[PDB]
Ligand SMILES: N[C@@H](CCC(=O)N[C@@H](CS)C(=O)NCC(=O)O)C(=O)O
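Coming up is one lone chain in structure tokens, specifically the form solved without this ligand.
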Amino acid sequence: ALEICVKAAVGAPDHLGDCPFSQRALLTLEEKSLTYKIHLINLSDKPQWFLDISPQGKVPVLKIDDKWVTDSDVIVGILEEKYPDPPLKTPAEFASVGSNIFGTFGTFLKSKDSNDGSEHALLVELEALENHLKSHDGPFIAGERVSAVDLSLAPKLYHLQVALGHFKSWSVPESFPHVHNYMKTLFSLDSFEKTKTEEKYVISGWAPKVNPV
């Protein structure tokens, strides 16, 4: 059977945690309607058997056939070619849409400057996404149906929402109406709600990283 190791919630090791890469994998599993066992791994107190099969302690890790496989791109790619139906392949042209959002979001979230222009760098990436969404048929990045890029992007835009809302009182400006529509479309996906981290645990996951010693 399929099994997946993912991150446990910081301060609640028996609840699903806030790893965006783990969620991408869970989203894919749900979109292929596959059944899987879930291992909630506490990255503080990482159990021994887990280190035996992901020797870098990284998560997500999926047991498929025999082997345990790391790296969420690799994990989702194997699932696509092993369970072709329903298809999740994104046309290559759009496969990297939105790919610098999580990066610039992380940087703005941790900025103590405010003149370092990290907010502008994030706005530029949102803008690029608004531009894609408004000039290509929706509701998803590659059209009528959810595909790989949406599943990779959804967990990341959820962190952006929750984290910048909580930590900085900050929201995607109302001047990206397509981005707002797209996030609502993603967050109300069935597979999203089945695999989403409670807001609590995005907040606790990020709390020691926002402004560290």
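Residue indices: 1-based, along the sequence shown.
Another form, the form deposited with this ligand bound, is not on view; read the next lines as being about it.
- Contact with this ligand in the entry with it bound, defined as a heavy atom within 4.5 Å, is made by all three of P20, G57 and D71.
- For this ligand in the entry with it bound, the listed stretch (57 to 65, 166 to 174, 182 to 190, 31 to 39) containing residues with heavy atoms inside 4.5 Å is 57 to 65.
- Looking at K46, you'd find a heavy atom of it within 4.5 angstroms of this ligand in the entry with it bound.
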